[PDB]
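Only one chain is shown below, in structure tokens, and it's the form deposited in one PDB entry.
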């Protein structure tokens, strides 16, 4: 009896359209921003302008999601232990509201930061060999929605990318906002990394369930 490929919160059609459009507008605004344009060298080693919607060409086709535990049908470490928790079984098929606090972009991925409630944090995995990228950071900090990936990148990168962006804000290194977009303040973390802090947290609805490929 096998597990899904992964468990996660799957956004409603409506919420996915909303966040998807938010991400795309952000990519069109970021790519046109003069602060971004003057840093293109720290972005692509390739003078004309980069179109980020095109740059992030591998995108989710339909509904968006926030992954909790990648299971690979039970091949992944901790997959069974995770799937067996009462809270997971109990939460299966239930609606949740997810709060997105920021949109981000690196040379590798574009995504949205999810800020989990403590209830939702109960559905966040407690891995038995923790990532040194994750470590130092409050649990669930890795929670995100993938918006796009560059050609050579696997969408699991997005999470590592977000933890990286946050490792720096932990060291108070985000620095001074270099711009004001209609939705929030634009931060340049360097190394091709960008973060938009939303003035107002987007709220999205999603169903907690398992995806089987």
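Numbering follows the first chain given and starts at 1. Only residues modelled in both forms are compared. In this text, the rigid core denotes the largest set of C-alpha atoms whose superposition between the two forms falls within 1.5 Å.
J.: Checking the other PDB entries with both flanking residues built, is residue 49 absent in a third or more?
T.: Looking at the other entries that model residues on either side of it, residue 49 is missing from at least a third.
J.: Taking the other PDB entries of this protein that cover both neighbours, check whether residue 106 lacks coordinates in at least a third of them.
T.: It is not, since residue 106 is included in all of the other entries that model both flanking stretches.
J.: How much of the deposited sequence is absent from the coordinates between residue 46 and residue 47: none, 1 to 3, 4 to 9, or 10 or more residues?
T.: Gap between residue 46 and residue 47: 1 to 3 residues without coordinates.
J.: Test of understanding: from the entry's C-alpha B-factors, which stretch has the higher mean, 114 to 122 or 128 to 136?
T.: So the stretch with the higher mean C-alpha B-factor is 128 to 136.
J.: Read off the CA B-factors in the entry, average them over 157 to 165 and over 184 to 192, and name the higher stretch.
T.: Mean B over CA atoms: larger for 184 to 192.
J.: Can you tell me which of 144, 42, 58, 69 has the maximum CA B-factor listed in the PDB entry?
T.: When the deposited C-alpha B-factors of 144, 42, 58, 69 are compared, 42 is largest.
J.: Could you tell me which one of 52, 149, 177, 64 shows the highest CA temperature factor in the PDB record?
T.: By C-alpha B-factor in the record, 177 ranks first.
J.: Against its chain's modelled residues, does residue 16's Cα B factor rank lowest, middle or highest third?
T.: Answer is lowest: the recorded C-alpha B-factor places it there.
There is another form of this protein, the form deposited in another entry, and it is not shown here; the text below is about that form.
J.: Considering only 121, 115, 88, 133, which residue exhibits a C-alpha shift of no less than 2 Å between the shown form and the other one, with the rigid core used for superposition?
T.: Single hit from the list, 133.
J.: Can you tell whether residue 161 sits closer to or farther from residue 133 in that other deposited form than it does here, judged by CA atoms, where the change is 3 Å or more?
T.: Relative to the shown form, the pair is farther apart.
J.: Taking the cut-off of 3 Å or more as given, in which direction does the distance between the C-alpha atoms of residue 110 and residue 133 change in that other deposited form, closer or farther?
T.: It is farther: the C-alpha separation of residue 110 and residue 133 rises by at least 3 Å in that other deposited form.
J.: Could you list, in sequence order, the stretches of three or more consecutive residues moving 2 angstroms or more at Cα between the shown form and the other one on a rigid core superposition?
T.: These are the shifted runs between the shown form and the other one: 41 to 43, 128 to 135.
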